[PDB]
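Participant:
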Amino acid sequence: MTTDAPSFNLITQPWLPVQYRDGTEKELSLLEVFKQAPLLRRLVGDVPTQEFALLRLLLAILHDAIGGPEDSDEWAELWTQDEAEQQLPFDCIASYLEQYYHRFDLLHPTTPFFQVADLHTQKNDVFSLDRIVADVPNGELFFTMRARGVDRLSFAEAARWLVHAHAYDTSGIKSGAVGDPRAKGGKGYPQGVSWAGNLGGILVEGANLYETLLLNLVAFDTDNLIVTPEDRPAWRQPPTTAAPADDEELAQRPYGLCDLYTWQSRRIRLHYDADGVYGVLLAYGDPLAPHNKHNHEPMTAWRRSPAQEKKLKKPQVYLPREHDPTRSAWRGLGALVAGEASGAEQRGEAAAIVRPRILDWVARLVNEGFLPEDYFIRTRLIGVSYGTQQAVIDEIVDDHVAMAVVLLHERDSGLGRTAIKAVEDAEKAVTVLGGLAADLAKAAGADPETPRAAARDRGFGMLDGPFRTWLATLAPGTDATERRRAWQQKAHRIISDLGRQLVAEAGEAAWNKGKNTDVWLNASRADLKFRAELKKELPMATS
Amino acid sequence: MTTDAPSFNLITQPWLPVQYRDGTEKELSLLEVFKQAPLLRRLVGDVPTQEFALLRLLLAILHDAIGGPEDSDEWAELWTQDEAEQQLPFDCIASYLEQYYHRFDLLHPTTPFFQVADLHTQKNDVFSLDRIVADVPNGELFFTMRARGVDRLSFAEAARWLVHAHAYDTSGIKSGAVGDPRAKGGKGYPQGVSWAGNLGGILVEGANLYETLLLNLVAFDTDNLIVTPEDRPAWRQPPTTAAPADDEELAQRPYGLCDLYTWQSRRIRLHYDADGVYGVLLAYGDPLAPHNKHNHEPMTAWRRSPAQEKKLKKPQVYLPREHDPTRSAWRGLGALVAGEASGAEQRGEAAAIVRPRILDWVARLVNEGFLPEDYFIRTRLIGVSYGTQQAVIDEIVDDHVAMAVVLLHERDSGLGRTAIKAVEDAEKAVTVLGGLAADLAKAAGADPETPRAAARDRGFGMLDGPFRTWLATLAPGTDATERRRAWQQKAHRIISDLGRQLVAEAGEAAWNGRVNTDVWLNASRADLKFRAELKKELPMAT
Numbered sequence: 001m002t003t004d005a006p007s008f009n010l011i012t013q014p015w016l017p018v019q020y021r022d023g024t025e026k027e028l029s030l031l032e033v034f035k036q037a038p039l040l041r042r043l044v045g046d047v048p049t050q051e052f053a054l055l056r057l058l059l060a061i062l063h064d065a066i067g068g069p070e071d072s073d074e075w076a077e078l079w080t081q082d083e084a085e086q087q088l089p090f091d092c093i094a095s096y097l098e099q100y101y102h103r104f105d106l107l108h109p110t111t112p113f114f115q116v117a118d119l120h121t122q123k124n125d126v127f128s129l130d131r132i133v134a135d136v137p138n139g140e141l142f143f144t145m146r147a148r149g150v151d152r153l154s155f156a157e158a159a160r161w162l163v164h165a166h167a168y169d170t171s172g173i174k175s176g177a178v179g180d181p182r183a184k185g186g187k188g189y190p191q192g193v194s195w196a197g198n199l200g201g202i203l204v205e206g207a208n209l210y211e212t213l214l215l216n217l218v219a220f221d222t223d224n225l226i227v228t229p230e231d232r233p234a235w236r237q238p239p240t241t242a243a244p245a246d247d248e249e250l251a252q253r254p255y256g257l258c259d260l261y262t263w264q265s266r267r268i269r270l271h272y273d274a275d276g277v278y279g280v281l282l283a284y285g286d287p288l289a290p291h292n293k294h295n296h297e298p299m300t301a302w303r304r305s306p307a308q309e310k311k312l313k314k315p316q317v318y319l320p321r322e323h324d325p326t327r328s329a330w331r332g333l334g335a336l337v338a339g340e341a342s343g344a345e346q347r348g349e350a351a352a353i354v355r356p357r358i359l360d361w362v363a364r365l366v367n368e369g370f371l372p373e374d375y376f377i378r379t380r381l382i383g384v385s386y387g388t389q390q391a392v393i394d395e396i397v398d399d400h401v402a403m404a405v406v407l408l409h410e411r412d413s414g415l416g417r418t419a420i421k422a423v424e425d426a427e428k429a430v431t432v433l434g435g436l437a438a439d440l441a442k443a444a445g446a447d448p449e450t451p452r453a454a455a456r457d458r459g460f461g462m463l464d465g466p467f468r469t470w471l472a473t474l475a476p477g478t479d480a481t482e483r484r485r486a487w488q489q490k491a492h493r494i495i496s497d498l499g500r501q502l503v504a505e506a507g508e509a510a511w512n517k518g519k520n521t522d523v524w525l526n527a528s529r530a531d532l533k534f535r536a537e538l539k540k541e542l543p544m545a546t547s
Numbered sequence: 001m002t003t004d005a006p007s008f009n010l011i012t013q014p015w016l017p018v019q020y021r022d023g024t025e026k027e028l029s030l031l032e033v034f035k036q037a038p039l040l041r042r043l044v045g046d047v048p049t050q051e052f053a054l055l056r057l058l059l060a061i062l063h064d065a066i067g068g069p070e071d072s073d074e075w076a077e078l079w080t081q082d083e084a085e086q087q088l089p090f091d092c093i094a095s096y097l098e099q100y101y102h103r104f105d106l107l108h109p110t111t112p113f114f115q116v117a118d119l120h121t122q123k124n125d126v127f128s129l130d131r132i133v134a135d136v137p138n139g140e141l142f143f144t145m146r147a148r149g150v151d152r153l154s155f156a157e158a159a160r161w162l163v164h165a166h167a168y169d170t171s172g173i174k175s176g177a178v179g180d181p182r183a184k185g186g187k188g189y190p191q192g193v194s195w196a197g198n199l200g201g202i203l204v205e206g207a208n209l210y211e212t213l214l215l216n217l218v219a220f221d222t223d224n225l226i227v228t229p230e231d232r233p234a235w236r237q238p239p240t241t242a243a244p245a246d247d248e249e250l251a252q253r254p255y256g257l258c259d260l261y262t263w264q265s266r267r268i269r270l271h272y273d274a275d276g277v278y279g280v281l282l283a284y285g286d287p288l289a290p291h292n293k294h295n296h297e298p299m300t301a302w303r304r305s306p307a308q309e310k311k312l313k314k315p316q317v318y319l320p321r322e323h324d325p326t327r328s329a330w331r332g333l334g335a336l337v338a339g340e341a342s343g344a345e346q347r348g349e350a351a352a353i354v355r356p357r358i359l360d361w362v363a364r365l366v367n368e369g370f371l372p373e374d375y376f377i378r379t380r381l382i383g384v385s386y387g388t389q390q391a392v393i394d395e396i397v398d399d400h401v402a403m404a405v406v407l408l409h410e411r412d413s414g415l416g417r418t419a420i421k422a423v424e425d426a427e428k429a430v431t432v433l434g435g436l437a438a439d440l441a442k443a444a445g446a447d448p449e450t451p452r453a454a455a456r457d458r459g460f461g462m463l464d465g466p467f468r469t470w471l472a473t474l475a476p477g478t479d480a481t482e483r484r485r486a487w488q489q490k491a492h493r494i495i496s497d498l499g500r501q502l503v504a505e506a507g508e509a510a511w512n513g514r515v520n521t522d523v524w525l526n527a528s529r530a531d532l533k534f535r536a537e538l539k540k541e542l543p544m545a546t
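Line by line, the protein sequences give chains A and B.
Quick note, the first sequence lines up with residues 1 to 512, 517 to 547 if you use the UniProt record's numbering.
Quick note, the second sequence lines up with residues 1 to 515, 520 to 546 if you use the UniProt record's numbering.
In structure tokens form, the structure reads like this:
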């Protein structure tokens with residue numbers, strides 16, 4: 001009967017919410033997700049960051065259950081585009097999970113999944129779940145007795161957040177684990193955000209889940225990737241305690257992709273009962289810092305940081321380039337397609353390192369012919385932008401850039417170039433818009449800062465849909481010039497229309517008697533200047 | 001028919017959650033609250049920030065309903081300490097509200113309370129209530145699709161958040177009201193946090209709501225206060241638009257306390273059916289820049305900011321001093337008692353200005369013998385620390401300091417001074433502790449930064465409890481020196497014990513058989533030293 005009290009084994013019970021192609025939504029076991037993968041478009045995380053972390057948990061399973069693709073030649077045998085045929089290796093997989101049945105039990109008596117069975121603070125304080133749940137802040141901070149749907153969670157949903165937390169979690173002062181040799185008086189002083197939280201994260205998506213999974217399943221031989229032979233998932237290493245692993249183990253760690261896509265950044269223990277989960281203890285886990293990890297972490301773009309170089313007295317230092325919630329994904333194709341960022345040059349970045357290994361992996365697949373040039377892909381961007389002192393979550397980033405693969409293959413003078421240059425064009429153009437907002441503010445005696453920053457939003461706002469779609473026109477058949485023109489025309493129209501609205505808005509305010521009719525004349529002046537400079541920045545459009 | 005006029009008039013319906021002295025919590029009407037004030041211990045806001053705004057609302061009504069306390073003499077005709085007597089002036093009030101019945105109905109078709117009946121987007125979008133609920137952030141920001149209990153609020157709870165929002169609300173990019181001349185294409189770009197969110201707010205609390213209310217009801221003749229004859233609450237001004245009040249108005253505004261405690265920092269409209277409220281529209285209202293507003297806002301400590309003087313080319317600028325969430329209130333006593341803060345001199349701050357008018361009030365009250373010296377008050381600290389670019393709320397600050405009133409009186413060299421120095425003592429002491437954890441980390445070759453950081457926390461942790469109770473010792477009868485000693489003795493005991501545990505914990509390592521004498525040798529030295537200098541910093545100790 002206590003046999004029912006560890007009843008929740010994630011191999012067999014439903015907990016992973018998924019979305020079949022014919023719309024249907026359902027939660028599933030690990031087993032079944034693998035079985036059904038070609039039939040699902042995606043997972044449906046309680047929150048986008050969940051989808052990322054879980055995917056990684058799946059890839060770690062995959063990676064291990066095969067001893068991962070060593071070659072691309074090896075990877076290749078797993079993969080058809082034939083809709084009727086795609087399966088995963090359910091048979092290798094089942095067998096793999098059959099072995100570790102007992103580590104995948106969430107409610108397990110000692111080896112429970114992703115938690116230390118034994119964690120307590122000194123008073124065995126049981127914290128509420130605002131702690132793991134991400135759209136929910138710690139009641140402590142708002143002083144709330146007021147309940148928020150987070151008093152109780154389902155075994156299923158709890159599991160989700162648990163995995164999520166290890167990936168993505170604030171650098172608070174957390175509560176102190178007993179047996180933690182860092183628990184200075186029952187607290188854990190800040191040790192940094194959990195690992196995935198350092199990344200401007202990047203997965204590849206296909207039409208179904210099967211495709212999504214394989215496309216992200218990097219071969220270990222890939223240029224500038226590091227996969228030591230003892231690489232293994234957290235659940236295939238000795239069960240963790242309150243203490244982090246001693247530094248000499250941490251020394252050659254992560255072992256690789258299984259280890260990393262499973263990294264135990266925290267130490268968690270759920271409090272629960274016959275049918276629910278009511279409480280948690282969340283404490284610090286294993287520190288792993290993002291400096292120069294570009295040879296280990298394929299799911300991020302990198303950027304070089306001279307500040308850190310000077311500070312740590314080391315010659316070269318790279319760091320995850322993080323996502324920026326202000327900008328839409330396509331605004332940094334530069335970095336994704338060819339590893340180019342506007343600082344470049346000055347910091348001494350190598351585009352080779354900047355572009356995510358995982359896009360490198362796909363580019364490699366193309367260059368070798370395992371994928372056609374006109375293959376299509378959502379490149380998904382997922383992160384968290386952490387808040388004040390990295391200790392709160394301000395928001396989550398979930399964007400994507402849908403594109404043909406040619407682009408990665410042709411980052412040089414190919415269509416890759418054209419697309420980057422289209423973005424440069426957009427950014428050039430919005431600036432001309434920014435210019436008008438200022439000229440107009442000045443013509444009305446106001447400060448330029450906010451009206452200009454405002455027009456720039458409306459600018460990128462109005463350009464976005466159209467850009468994304470023009471980006472999708474780019475394919476092996478198409479021409480450089482023909483598209484490059486097609487885009488400038490479009491932008492020019494969008495933006496000079498937006499310009500016109502702006503000018504209208506100015507003349508609305510202009511009388512509500518000397519300085520008055522000045523805004524009309526001078527606005528008009530500012531307007532002609534604007535057209536002229538837009539014709540100049542978009543010279544391909546003339547029409 | 002009249003059913004066709006769904007209605008929730010705030011004067012009459014239950015919606016302010018209160019606590020009686022006998023524990024019991026009930027929700028109450030405005031009328032019922034004023035009636036039972038001497039019976040009620042406090043307001044229970046869904047969040048302490050409501051309590052601050054909600055009192056201010058209650059305060060506005062009060063001031064206005066009696067043409068506000070002009071003298072302290074007029075004030076005095078409303079107050080005894082006789083629990084058996086203490087009534088408010090319910091009659092003045094009952095009628096005051098009965099008169100403006102039409103402005104206080106939440107769901108009024110044209111004059112709804114604190115909102116604009118008329119308000120819309122271009123495409124008329126109804127946003128979720130994440131916007132006005134403070135515990136809950138935007139669904140948009142998380143892409144969250146499952147309610148965390150905010151699809152629906154009841155009329156009551158909604159009303160509460162509404163008021164809160166006008167006081168306390170993030171300076172996001174917000175939705176553009178149609179009719180707003182600042183709505184560049186359906187969004188209103190950031191324009192600062194709502195008025196109350198500018199203040200490290202301060203209230204004075206009593207044993208019941210009767211006292212809590214009367215205590216904060218300043219006489220308008222009070223020195224350094226600006227209450228124009230115009231002064232009236234939002235419901236005595238014409239109902240507001242999508243538009244801001246024009247510049248020529250906001251020029252000689254706010255009018256005073258009724259105007260200010262009621263400020264229309266946002267423009268809001270509730271979306272409801274017969275039963276609850278399901279949606280909201282929240283847009284920017286009237287800007288109120290907190291610079292040199294010390295003469296209008298009784299409820300914060302002020303601070304002079306030279307950086308801003310430089311920036312604005314003004315010779316002088318005060319700005320509300322906000323609360324610091326890291327530290328306990330009693331650490332800030334300097335400003336609260338005598339307006340003394342450690343930058344003081346450098347910034348050319350006038351202490352006379354820094355101390356909240358609200359305490360200057362209590363001080364004057366005491367000084368004219370209306371409150372006795374030994375009278376006790378909690379001094380409440382409420383704020384919100386706004387997050388990244390003021391667009392998010394990190395946490396809410398809610399603390400307080402229990403004290404006898406004499407502290408505002410003898411602030412020169414008497415009891416007030418001793419309390420101020422007793423704090424400085426605590427600060428001095430914890431650093432001797434900090435030094436220890438540091439010299440220990442060094443004697444081991446660990447980084448000294450977090451051990452020191454931690455050891456400080458524990459220190460102020462272990463001094464908070466006893467300090468607060470040492471403070472409540474100071475009553476007119478007492479001896480300044482005698483108490484100062486007593487406290488220094490206590491600190492020394494407390495902190496030297498904490499020292500011993502730190503020394504213990506470093507040795508814990510190999511106390512339980514688990515591990520260059522230069523550790524033992526040096527760590528031993530570090531211990532003797534901290535003991536030595538803790539004696540020096542608290543010289544009145546044995």
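For each residue, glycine too, the CB sits at the ideal point set by N, CA and C.
Output the boundary residues of the alpha helix (DSSP H) element that contains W263 of chain A.
Facilitator: Working through the first sequence from its first residue, we reach residue 263 of chain A at position 263. From DSSP, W263 of chain A is part of no alpha helix (DSSP H); its letter is neither H nor E.
Participant: Note down, in chain order, all residues in the segment 151 to 173 of chain A with a beta-carbon under 8 Å from any beta-carbon belonging to chain B.
Facilitator: Result list empty, no residue passes.
Participant: Please confirm whether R56 of chain A and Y210 of chain A have their CB atoms less than 8 Å apart.
Facilitator: Counting from 1 along the first sequence, the entry for residue 56 of chain A is found at position 56. Counting from 1 along the first sequence, the entry for residue 210 of chain A is found at position 210. No. Outside cutoff.
Participant: Where do the N-terminal and C-terminal ends of the alpha helix (DSSP H) with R253 of chain A fall, by residue?
Facilitator: The residue labelled residue 253 of chain A in the question sits at position 253 within the first sequence. No alpha helix (DSSP H) contains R253 of chain A, which DSSP labels as neither H nor E.
Participant: Looking only at its chain, what residues have a beta carbon closer than 7 Å to the beta carbon of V133 of chain B, apart from the 5 residues adjacent to it on each side?
Facilitator: Start at 1 with the first residue of the second sequence, and residue 133 of chain B comes out as number 133. Answer for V133 of chain B: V150, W161, listed in chain order.
Participant: Taking DSSP's pairing of strands, which residues face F143 of chain A in a bridge?
Facilitator: Start at 1 with the first residue of the first sequence, and residue 143 of chain A comes out as number 143. None, per the DSSP bridge assignment.
Participant: Among A:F8, A:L525, A:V430, A:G332, which has the Cα closest to the Cα of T300 of chain A?
Facilitator: Locating residue 300 of chain A in the first sequence gives position 300, counting from the first residue. Of the listed residues, the one whose Cα sits closest to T300 of chain A is A:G332.
Participant: Going straight from the alpha carbon of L30 of chain B to that of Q13 of chain B, what length do you get?
Facilitator: Here residue 30 of chain B corresponds to residue number 30 of the second sequence, with the count starting at 1. Here residue 13 of chain B corresponds to residue number 13 of the second sequence, with the count starting at 1. Taking the straight line joining both Cα atoms gives about 8 Å.
Participant: Going by DSSP, what residue range makes up the beta strand (DSSP E) through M299 of chain B?
Facilitator: Translated into positions along the second sequence, residue 299 of chain B becomes position 299. Where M299 of chain B is concerned, there is no enclosing beta strand (DSSP E), given that its DSSP letter is neither H nor E.
Participant: Should the segment 44 to 54 of chain B be called in touch with the segment 189 to 206 of chain B, which here means at least 3 C-beta pairs below 8 Å?
Facilitator: The segment 44 to 54 of chain B is in contact with the segment 189 to 206 of chain B.
Participant: With distances taken from CA atoms, which of B:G176, B:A196, B:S175 is nearest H166 of chain B?
Facilitator: Reading the second sequence from its first residue, position 166 is the one you call residue 166 of chain B. Comparing Cα-Cα distances from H166 of chain B to each of B:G176, B:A196, B:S175, the minimum goes to B:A196.
Participant: In whole angstroms, what is the alpha-carbon distance linking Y20 of chain A and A37 of chain A?
Facilitator: Within the first sequence, residue 20 of chain A is the residue found at index 20, counting from 1. Within the first sequence, residue 37 of chain A is the residue found at index 37, counting from 1. Near 9 Å, if we compare the C-alpha coordinates of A37 of chain A and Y20 of chain A.
Participant: Please determine if the segment 281 to 292 of chain B and the segment 251 to 268 of chain B are in contact, where contact requires at least 3 C-beta pairs separated by less than 8 Å.
Facilitator: The segment 281 to 292 of chain B is in contact with the segment 251 to 268 of chain B.
Participant: List the whole-angstrom C-beta distance separating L217 of chain A from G206 of chain A, where the pair is believed to meet the contact cut-off of C-beta under 8 Å.
Facilitator: In the first sequence, residue 217 of chain A corresponds to position 217, counting from 1. In the first sequence, residue 206 of chain A corresponds to position 206, counting from 1. No, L217 of chain A and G206 of chain A are not in contact; Cβ-Cβ is about 12 Å, not under 8 Å.
Participant: Can you pull the chain A residues whose beta carbon is under 8 Å from the beta carbon of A454 of chain B, in chain order?
Facilitator: By 1-based counting over the second sequence, the position of residue 454 of chain B is 454. Per Cβ cutoff of 8 Å: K184, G185, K187, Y189.
Participant: In the DSSP output, which residue or residues are listed as bridge partners for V280 of chain A?
Facilitator: Counting from one through the first sequence, the residue named residue 280 of chain A turns up at place 280. Looking at the DSSP assignment, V280 of chain A forms a beta bridge with A:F127, A:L270.
Participant: Could you tell me whether the Cβ atoms of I420 of chain B and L463 of chain B are closer together than 8 Å?
Facilitator: Taking the first residue of the second sequence as position 1, residue 420 of chain B is located at position 420. Taking the first residue of the second sequence as position 1, residue 463 of chain B is located at position 463. No.
Participant: Got a sec: which bits of the segment 384 to 403 of chain B sit with their beta carbon under 7 Å from any beta carbon on chain A, in order along the chain?
Facilitator: If the cut-off is 7 Å between Cβ atoms, the segment 384 to 403 of chain B has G387, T388, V392, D394, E395, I396, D398 near chain A.
Participant: So, with DSSP's three-state summary, where would you put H294 of chain B?
Facilitator: The sequence position of residue 294 of chain B within the second sequence is 294, counting from 1. The answer is coil: DSSP assigns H294 of chain B none of H, G, I, E or B.
Participant: How many angstroms separate the CA atom of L319 of chain A from the CA atom of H291 of chain A?
Facilitator: Along the first sequence, read from residue 1 onward, the residue named residue 319 of chain A stands at position 319. Along the first sequence, read from residue 1 onward, the residue named residue 291 of chain A stands at position 291. Taking the straight line joining both Cα atoms gives about 5 Å.
Participant: Between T326 of chain B and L471 of chain B, what straight-line distance do the alpha-carbon atoms span, to the nearest angstrom?
Facilitator: Against the second sequence, residue 326 of chain B aligns to sequence position 326. Against the second sequence, residue 471 of chain B aligns to sequence position 471. When rounded, the distance between both Cα atoms is 20 Å.
Participant: Thinking C-alpha only, which one of A:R148, A:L359, A:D118 is nearest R131 of chain A?
Facilitator: Locating residue 131 of chain A in the first sequence gives position 131, where the first residue counts as 1. Minimum Cα distance to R131 of chain A is reached at A:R148.
Participant: Do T111 of chain A and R103 of chain A have their beta-carbon atoms positioned less than 8 Å apart in this structure?
Facilitator: As a working mapping, residue 103 of chain A is identified with position 103 in the first sequence. As a working mapping, residue 111 of chain A is identified with position 111 in the first sequence. Result yes, Cβ atoms of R103 of chain A and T111 of chain A sit closer than 8 Å.
Participant: The segment 431 to 453 of chain A: which residues have C-beta closer than 8 Å to a C-beta of chain B, in chain order?
Facilitator: The segment 431 to 453 of chain A vs chain B, Cβ under 8 Å: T450, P451, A453.
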